[PDB]
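Novice:
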DNA sequence: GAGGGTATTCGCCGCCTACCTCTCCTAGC
DNA sequence: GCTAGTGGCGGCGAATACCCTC
RNA sequence: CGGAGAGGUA
Ligand SMILES: O=C(N[C@H](Cc1ccccc1)C(=O)Nc1ccccc1N1CCS(=O)(=O)CC1)c1ccccc1F
Ligand SMILES: [Mg+2]
Ligand SMILES: [Zn+2]
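Chains as they are written, first to last, in PDB author numbering: chain A, -1 to 96; chain B, 292 to 438; chain C, 1220 to 1268; chain D, 1025 to 1090, 1097 to 1121; chain E, 20 to 804, 824 to 1133; chain F, 488 to 584; chain G, 829 to 877.
1. List the residues of chain B whose Cβ lies closer than 9 angstroms to the Cβ of residue 526/F, in chain order.
2. Going by DSSP, what residue range makes up the alpha helix (DSSP H) through residue 900/E?
3. Mind listing which residues have their beta carbon within less than 6 angstroms of any non-hydrogen atom of ligand 1? Chain order is fine.
4. When the cut-off is 8 angstroms and only beta carbons count, does residue 1235/C lie next to chain A?
5. Residues in its own chain within less than 6 angstroms of residue 910/E by CB, not counting five upstream and five downstream?
6. Of all Cβ atoms in chain E, is any one closer than 8 angstroms to the Cβ of residue 533/F?
7. So, with DSSP's three-state summary, where would you put residue 677/E?
8. Is any heavy atom in ligand 2 found nearer than 7 angstroms to the beta carbon of residue 805/E?
9. Rounded to a whole number of angstroms, what is the C-alpha to C-alpha distance between residue 305/E and residue 471/E?
10. Considering only DSSP beta bridges, list what residue 998/E is partnered with.
11. Report the partner residues of residue 868/E according to the DSSP bridge assignment.
12. I think residue 786/E touches residue 751/E, with their Cβ atoms under 8 angstroms apart; what is that distance to the nearest whole Å?
13. Can you check whether the CB of residue 417/E is closer than 8 angstroms to the CB of residue 390/E?
14. Let me see if you follow: with CB-CB separation under 8 angstroms, is residue 9/A close to chain E or not?
15. Does the Cβ-Cβ distance between residue 418/B and residue 1232/C come in under 8 angstroms?
16. Identify the contact partners of residue 468/E in chain G, using a Cβ-Cβ distance below 8 angstroms as the criterion.
17. Taking all protein chains shown into account, do 16 or more other C-beta atoms lie within 10 angstroms of the C-beta of residue 727/E, making it buried, or fewer, making it exposed?
18. For the beta strand (DSSP E) that residue 125/E lies in, which residues bound it at each end?
19. Within 8 angstroms (strictly less), CB to CB, does residue 1238/C reach chain B?
20. Is the beta carbon of residue 558/F less than 8 angstroms from the beta carbon of residue 1073/E?
21. If distances are taken between C-alpha atoms only, which option among 327/E, 52/E, 938/E, 309/E comes closest to residue 817/E?
22. Where does the unbroken beta strand (DSSP E) through residue 1022/E begin, and where does it stop?
23. Give the secondary structure of residue 254/B by DSSP, where H, G and I count as helix, E and B as strand, and everything else as coil.
24. Using a Cβ-Cβ cut-off of less than 9 angstroms, give me the residues of the segment 11 to 22 of chain A that come near chain C, in sequence order.
25. Please list, in chain order, the residues of the segment 488 to 522 of chain E that have any C-beta partner in chain G closer than 9 angstroms.
26. Give the residues of chain A in contact with residue 1241/C, contact being defined as C-beta atoms less than 9 angstroms apart.
27. Cβ of residue 52/A less than 8 angstroms from any chain E Cβ?
28. Between the alpha carbons of residue 403/E and residue 297/E, how many angstroms are there, rounded?
29. Since residue 888/E contacts residue 536/F with CB under 8 angstroms, what's their CB separation in whole angstroms?
30. Are the beta-carbon atoms of residue 914/E and residue 539/F separated by less than 8 angstroms?
31. Is any heavy atom of ligand 2 found at a distance shorter than 7 angstroms from the C-beta of residue 877/E?
32. Is the beta carbon of residue 491/E less than 8 angstroms from the beta carbon of residue 450/E?
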């Protein structure tokens, strides 16, 4: 209805969620039980913290590092595949398990 | 029949199918709502949600491996049962069977424990908050003051 | 269902609300407190504000 | 109950505990005396039907209203026969 | 007339007591020391047990090793065993361990023997079992540099317990029994409302007792011969609807292990392994002894077994049926007669004490069981003729168990070190809650009550005030614990109504069979009782008058029931229970002061309390002091040897206080063994001194002492009467970091050279430098990428003082630093705190309050000679709270300070007939003692008040009523009526207002939900809970509540906009959606719920 | 000194059993670290002076200040909302005098 | 809760004996525990109301 | 066999608010 | 240093397990 | 500042 949240709320509706809804919310699938690497302290790919699913961990930076400036705004990297945006996005994006 | 009709009418009046009770996919909460911190020295203290998601993923992956590779009915059924139990523990830990406990023999927190109780989401964060521009100290008596 | 879930028995209330597909009209003190809106009482009433 | 538990049970609309039966039709009563039970029969003035309470334990006393309740005594529609707390649901 | 004559150099404190003490107070740290030296099997314990129970002397470790060994595999062709545990010297001394953050421990070795049954070869080795933490001489452990105290636990003893209940729905008396083992499986019997006896193994369905009886092999003839006299048994044999030993075994197997083949052999094996395994079921020695005593099975045989038996079960069932059939005696075949009755579960004869040694033994036992599993597994997958004891034993689980116990246990607790009394009472503490005890919330009102069996074993006064009320108690003065773990207490035997001097220790169950008189029973210079009838105590809290020839025992003192802290309250019997409890609790919160002074009026339980606590220095051997200094004392013993004692100066306690020791001997004085040679934190000449003597007035004054507030003079600040020293500890470390090599140096970028004035060349402040909030303590830079940032150590908000010491550990000097750190500099800053408004004072009688005001000396009420009063207490708090012992203490304190002389020109006055000689005269500032229950009377107090010495000029300022005529310091007019003045003992509590003031405008926020952090140390915000929201909604204040909930807590953009608006002249903007609602929506979606916001 | 002039401040003591557990006052700077409370509001707060502590909150916006100054001012709440009896009246030492 | 047939004839001005103090302490601690339980029980009722 | 009652029995829910100090955080190759 | 995994108690309602005729 | 435990204040 009101996307994230915007004033002029009218109602708050609840219901059962289908598999289609779950896959629509998802930005990607999680298929490795890896959280974080200890040698580099960076998220593991396809893990519970993968940056290609949940978004960058730094403002306007990619996992590979090809783009690290505000100019490369809104473009998905062609090497790492992480969309270049702000780091607060990790509080909003959800994955899913097939 | 009164109770059966209560539930059946609940599912009939609305435009909602009853097929939502069986799950073909599991959502994963955003990482910033289940952060993992590091203790003095550089050793991580993993959250409880991460452990449950990890167990679910392990069991699902090994079940998929067994299914693809081909195996007798018994092993596939056992893996399916263990996956069922893992997802049940993730959603509501301790409801059925022994709780999935971590180190120290203490039950892990589930997605259903973030909302319930005196320390749950509602009563601890939405009905009450911590605020700025606030202080505290001991009170003494001032007779000279006015009302 | 928000006021009921914030009072007691969160799991049962939530499952019943999900099954019945209940819609919550945010007309109440506790609900407006939860969503951060002016309560419909005192100085938050239309004739006063 | 006689304090905070009494207040809680009043506000929770529970059965009092020491429930005291209350009449439901005006008429005379044929009180019976026995061990571990009393038979209180309501004989209405109209006489359409007779109600009876036989499970009343002898531990509870008989309320005094207007003299103690006795056989062949007329009672009100909402009179409390025994001594105790009547449940809010019957009234 | 004096108090003590045993301690050599004790002050002469004269007592009002009229009773002689047959017995001296025991060592007050004996429980912990004895329990631990039993565990390690020290020679001292060996001798102590030999002079009594020499039949079976074995320590805890030896017992565990005997229990565990031998370890044999299934085939039985090989075995392993352990014996003779041994200890080496401690690796490092106690002070070294405390300084270097080590653990005080000693290596432990055991002898392992490996025997092969088919070859006859024996291979023996000495295997190292890991370092074993060792208790110090003061009853504490040093674990990772922190002193800890292991607390004794009150637990329900193993045994068999019978109880009775009256059912609600029907009128019946239903009986039950429970056989509670030590690490075993429960077993229950009961008779239900259908007059049928049954069984309930663990938490399964009920079964008739006949089923089990036949499963044991009995038949109808056997069961009927013995049982059957009870109608219930003969009725249960009819409706069982089953018969046959194999059938009963199969039924039991079905009930125990559903879904498995019900075979007779499997059922028998499972049952015999459940209740007769000797490894899965155990009663211990206490359990076996208690079961034998209750059922009267074995009276001569020793306690050599620890498992159940058929005779025990049949005796239990017979006992149950006889109890249910209203009988009062029985005689099981081959046993002595015993009465049948129910058991009170809270009786002190039924619940025992697990001391430190027993808890450590349990942990060692579980660790060794894990090691045994490992060794048994490893014994079947290894080649023969190549296995040696060292190749089979894995020590990791044992050391892990010891680490876990001493680090993360509920009974191993951070020691309390406000003052010596706090620690002494912490070591003598009994707690009912722990791993195997009660719950702080679920516990009911009947487990928290005072029981008649507590008399002389647990103090009824000293307990917490919060949710732990009644769950934590303190051991009594004369009590001790016997080998089985039951608390004892001494009694003085009397024969034919003549009190003898022969002390015997009795447990509660033993004591319940006799009647014991009070210590305050008149005597006629010998044991004979003066009066013909005596008031005595009986079984269940009952007192009766009995002829003097029927008395069995007698208390050793009228203070047998109180504890150490409660025995230091003068005029205790004049105070109500609540205020006495408060005073006993609050004596343990006093802070050490710069200078100490002992009370004018005490009780005598202060010299021994100070000596036994251990914070004073005592001369071990006689000699002559050779050299005395502020740092050490040297004693020249008679035999030519010397010993030097080092004084710990300006040390820091676990609670930030100061622990400074001062010598009290001269350079030529001669000392005696056991004499106090130096003072401690709260000690004055070897006596506890927790406060100061102050001249008090008991009037209300202008509303400044309104509602428990206090008024103080300014002399107490000018003369540093109530000043204290507090010490803080700050530390920082330099790690390797993934970025690399963060360093401590004085080169910090973008900092003025003035800000770096106090730092030395290394980069740390200089000793003796004054530090204020925000000041640099250790300059450090970390390479966040030059990019080196500043991550130096600062002084927290509201903290200041003088730097008095620095300790730096550098890896370059081969220091035992943790992994990944190079430097671990520590900084100590101390500050003297004077008394100020908001600080908490208190007397010994439960009177407390914060300092409302501090007045100039020029405007305090003063006596006719011009003496201001130091403190003013309000009149309206005394009579309502039923603590009138403070007024009596005030009167006696004035009498002691002023001095007196009874004018016995023509015989002593009748009120001084029983007053001890040496108490008919005193000099100014005389120290006296009034024991807790045998002290000064009211008539004696009146007499002393009526005869006191004049002041310097020769005038008596306080009349016979204890009241003086004061002047008004502000107007100079005399007050219309006389006021009550005197001296009482005031203590300064560790509740200073400097540690409680906190304010905030903005700071850290939590990450999951963007709300302010909570905590003074975190610079957190004050919580606005649900009830405050209810109050705001009741006021009708909508905008205030909205702003509090949105822009002050978690409106991420609203916060910054509000700050900008305020720092400019603009007005506050409107709020927005808080972040917690979004977090809730995300969690609900994660629960697979389709939540949407419609518009 | 001039910034805090006529800026109301809310004081609260837990537990907040009824409405008068929160009230607004006019701050005035004092020397020390303890808060000085009027003797006539102790009954409303249920506060004695044996060690109690209180929390302070600052209203920011114009509406919040108006509410704190009109609705919640201590001198405007003299009577008990439950029964109407006065709560800010003399007690103890004042009654004796 | 029932009264004992034996009274405490001493007052706190005179000082209770050791057997008249034991029972007094029993009663006092019982009252304190009851007060704690009552304060825990009243808040739940207030929240429900 | 088949309707009419059971008739306990077992599982789940609930159990005041606010603050302060201190210690520990997985085992195995 | 890296990888893997037999001390709470009341209230309420649904559910088995149990007859009771019938 | 994430969690667990222990102790204390009103
Ligand atoms: O009763 C007295 N003192 C007894 C003294 C006593 C203490 C410990 C052991 C044995 C005796 C008492 O404290 N009992 C006791 C202690 C704790 C809990 C219950 C009990 N009781 C009460 C008297 S009870 O009903 O018979 C049976 C249970 C007493 C003496 C003098 C004057 C008046 C008195 F009420
Ligand atoms: Mg108070
Ligand atoms: Zn890239």
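All C-beta atoms, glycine included, are put in the ideal place defined by N, C-alpha and C.
Specialist: Reading from the atomic positions:
1. If you number the sixth chain from 1, residue 526/F lands on position 39. By Cβ distance, chain B contributes 432, 433, 434, 436.
2. Mapped onto the fifth chain, residue 900/E falls at position 862. Careful: residue 900/E lies outside any alpha helix (DSSP H) and carries neither H nor E.
3. 469/E, 471/E, 474/E, 556/E, 559/E, 560/E, 561/E, 562/E, 832/G, 834/G, 836/G, 847/G, 848/G, 850/G, 851/G, 854/G
4. Residue 1235/C sits at position 16 when you count from the first residue of the third chain. It does not: the Cβ of residue 1235/C has no partner Cβ on chain A nearer than 8 angstroms.
5. Residue numbering aside, residue 910/E sits at position 872 when the fifth chain is read from its first letter. Answer for residue 910/E: 716, 720, 724, 730, listed in chain order.
6. Sequence index remark: in the sixth chain, residue 533/F carries index 46 (1-based). No - not a single Cβ of chain E is within 8 angstroms of the one on residue 533/F.
7. Mapped onto the fifth chain, residue 677/E falls at position 658. DSSP, read as helix, strand or coil, puts residue 677/E in strand.
8. Note on chain E: consecutive modelled numbers read 804 then 824, so residue 805/E has no coordinates in the structure shown.
9. Start at 1 with the first residue of the fifth chain, and residue 305/E comes out as number 286. Start at 1 with the first residue of the fifth chain, and residue 471/E comes out as number 452. Taking the straight line from one Cα to the other gives about 23 angstroms.
10. Here the question's residue 998/E lines up with position 960 in the fifth chain. Its beta-bridge partners do not exist; DSSP assigns none.
11. Taking the first residue of the fifth chain as 1, we reach residue 868/E at position 830. Bridge partners of residue 868/E: 746/E, 840/E.
12. As a first step, residue 786/E must be located in the fifth chain, where it is residue number 767. As a first step, residue 751/E must be located in the fifth chain, where it is residue number 732. Incorrect: roughly 17 angstroms between the Cβ atoms, too far for contact.
13. Taking the fifth chain and counting its residues from 1, one reaches residue 390/E at position 371. Taking the fifth chain and counting its residues from 1, one reaches residue 417/E at position 398. Taking 8 angstroms as the Cβ cut-off, residue 390/E and residue 417/E qualify as a contacting pair.
14. The residue you call residue 9/A lines up with position 11 of the first chain. Residue 9/A belongs to the set of residues whose beta carbon lies under 8 angstroms from a beta carbon in chain E.
15. For the purposes of this step, residue 418/B is identified with residue 127 of the second chain, where counting begins at 1. For the purposes of this step, residue 1232/C is identified with residue 13 of the third chain, where counting begins at 1. No.
16. Translated into positions along the fifth chain, residue 468/E becomes position 449. Correct list: 854, 857, 858, 861.
17. The count along the fifth chain starts at 1 and reaches residue 727/E at position 708. It counts as buried.
18. Counting from one through the fifth chain, the residue named residue 125/E turns up at place 106. 124 to 135 is the span of the beta strand (DSSP E), which, as asked, contains residue 125/E.
19. For the purposes of this step, residue 1238/C is taken as residue 19 along the third chain, with counting starting at 1. Chain B contact via Cβ: present.
20. Position 71 of the sixth chain, counted from the start, is the residue given in the question as residue 558/F. Position 1035 of the fifth chain, counted from the start, is the residue given in the question as residue 1073/E. Yes, Cβ-Cβ distance for residue 558/F and residue 1073/E is below 8 angstroms.
21. There are no atomic positions for residue 817/E here, as chain E continues from 804 directly to 824.
22. Start at 1 with the first residue of the fifth chain, and residue 1022/E comes out as number 984. Per DSSP, residue 1022/E belongs to the beta strand (DSSP E) from 1017 to 1026.
23. With chain B covering only 292 through 438, there is no way to say anything about residue 254/B.
24. 11, 12, 13, 14, 15
25. Taking 9 angstroms as the upper bound on Cβ-Cβ separation, chain G lies near residues 488, 489 of the segment 488 to 522 of chain E.
26. Here residue 1241/C refers to the residue found at position 22 of the third chain. Per Cβ cutoff of 9 angstroms: 11, 12, 13.
27. Counting from 1 along the first chain, the entry for residue 52/A is found at position 54. Interface annotation, residue 52/A: not in contact with chain E, CB-CB separation never under 8 angstroms.
28. Residue numbering aside, residue 403/E sits at position 384 when the fifth chain is read from its first letter. Residue numbering aside, residue 297/E sits at position 278 when the fifth chain is read from its first letter. Straight-line Cα distance between these residues: approximately 29 angstroms.
29. Against the fifth chain, residue 888/E aligns to sequence position 850. Against the sixth chain, residue 536/F aligns to sequence position 49. Correct: roughly 5 angstroms between the Cβ atoms.
30. As a working mapping, residue 914/E is identified with position 876 in the fifth chain. As a working mapping, residue 539/F is identified with position 52 in the sixth chain. Cβ atoms of residue 914/E and residue 539/F: not closer than 8 angstroms.
31. The sequence position of residue 877/E within the fifth chain is 839, counting from 1. Not so, every heavy atom of ligand 2 lies at least 7 angstroms from the Cβ.
32. The count along the fifth chain starts at 1 and reaches residue 491/E at position 472. The count along the fifth chain starts at 1 and reaches residue 450/E at position 431. Contact annotation: residue 491/E and residue 450/E have beta-carbon atoms nearer than 8 angstroms.
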